[PDB]
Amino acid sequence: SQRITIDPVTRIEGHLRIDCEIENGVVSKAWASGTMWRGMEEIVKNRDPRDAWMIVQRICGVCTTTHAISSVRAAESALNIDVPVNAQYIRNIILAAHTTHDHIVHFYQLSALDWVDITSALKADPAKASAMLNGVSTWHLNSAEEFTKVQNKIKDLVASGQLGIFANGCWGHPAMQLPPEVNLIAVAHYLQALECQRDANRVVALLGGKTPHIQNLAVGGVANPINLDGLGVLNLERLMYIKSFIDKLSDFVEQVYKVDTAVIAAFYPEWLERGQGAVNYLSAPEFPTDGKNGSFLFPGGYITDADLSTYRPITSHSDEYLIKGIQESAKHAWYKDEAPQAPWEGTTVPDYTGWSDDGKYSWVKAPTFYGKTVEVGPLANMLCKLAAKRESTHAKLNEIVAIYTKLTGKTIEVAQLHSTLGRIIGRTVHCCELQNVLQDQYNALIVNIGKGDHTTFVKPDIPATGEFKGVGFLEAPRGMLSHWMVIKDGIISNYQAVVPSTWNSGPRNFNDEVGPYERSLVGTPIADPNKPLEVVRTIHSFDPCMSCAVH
């Protein structure tokens, strides 16, 4: 009956509009709309395949690195290049350290102020706030004195009358359920998170040459010159510098981020029972460790009917089962060709007609896997790893659940993971497991260089005539990414990116099935239709990236 629009959705990457029909104060129907297009797929066409990665990296600066690595993986697949293992170690360290930064910033800078009321934090007792975390976390910056310094910075901000980024938030909104003490804790951790995410990006910068937008890749491996005895190249002093930053990440991730995930769950238990986006989930395996583009540290696969018994593992980026299921449809998007397209045959011809509830309403295409709507991202990667009986993922999830049980007396079953909070828990579990990936891959690099292997690059042989088709898969922070490259007569004849936020934010598909964002909103209670905080909470759980979704 009542129709609302949230335009812009803030604390995401890029330009998103969400419309909702409300009946009986519950969302009955939703639309997700990507409102900005660049045509990155057309900009990259007719170039040398080697050039693509520097151009398509600029699809997104929040998930910097991801399109760069997927692009070189697509060119490598098209030319049958086996990537030197040292290049795999370096790509993997960059992706894991980038993803650490990404997840920390998502939980704190992008998501926390959905759950956390900064006006309530001013009313808190710093001593009581500190007392609450006794025996809960061993973090060294949870003192009453730390929380007092934080509370004073918020007091000074509010007193100035210039609240800036904090102006006109959902302060005093009925869906805000943290007590004053936990609000102050969350704000202290918000500011501490910014130090942790800076250390993560120092790892990326020392191998990438900067971030955002790394500049050390190549079709054929990496541009880092390994030489322990060389001045001005990647020597042992540079590697010790990288390791110094790797070593600074684990304490915050384990003693703050992991603990806050459980604390937020403890005060918002009904968010374990709403915000399901799909019954099908996809993830690609990630972090290859051999010289044949395989032996992934993290498994991938496909889950159906929200039932982990159906798990179909994917252990190769060359799996024809994964490659042949993927199509996209523009039936409800602003492009000319509406029938499902395999990406090697995809087109991206703009056809803006304006908004229509029943017609076209987004720049985001609608992907499908063998005709089905699928959620991608940390919940998908978590469910795949649990279905694979990965001990490390079970142990990490159980650590978060044990904190929740200690706070609530209650437990969390696999069924409750199909939820807004389950999606957030998946991301925290991912960030935690990535800290062992950084240690493992750093050590493997040190060991390999010690055996005399300094190989980082194989020159690609690009035939001047003939057609070659390649696909690069990558498990990005927001889920499975795929770059699809057709080379004809030495140049790119077609380039299609199917990006995780494309899967999740996609509009109604060729068989009029809603995408994950649109499904997740059905049944969302709305306390105030002019401030639909409950909608933004579920949407933020997917970590939307609309420059990624649309490109």
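Residue numbers here begin at 1 and follow the sequence given.
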Taking the mean of the C-alpha B-factors per stretch from the entry, tell me the winner out of 158-166 and 255-263. 158-166
Higher-scoring stretch by recorded Cα B factor average, 406-414 or 469-477: 406-414
In this PDB entry, which of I69, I526, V499, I59 has the top CA B-factor? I526
Top Cα B factor in the deposited entry, candidates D114, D229, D102, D199: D229
B-factor third for the C-alpha atom of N494 within its chain: middle
Report the third (lowest, middle or highest) to which the CA temperature factor of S356 belongs, ranking only the modelled residues of the same chain. highest
Classify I487 as lowest, middle or highest third according to the C-alpha B-factor given in the PDB entry, relative to its own chain. highest
Based on the entry's values, in what third of the chain does the Cα temperature factor of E23 lie: lowest, middle or highest? highest
Using the B-factors in the PDB entry, rank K149's C-alpha atom against the chain and give the third, lowest, middle or highest. middle
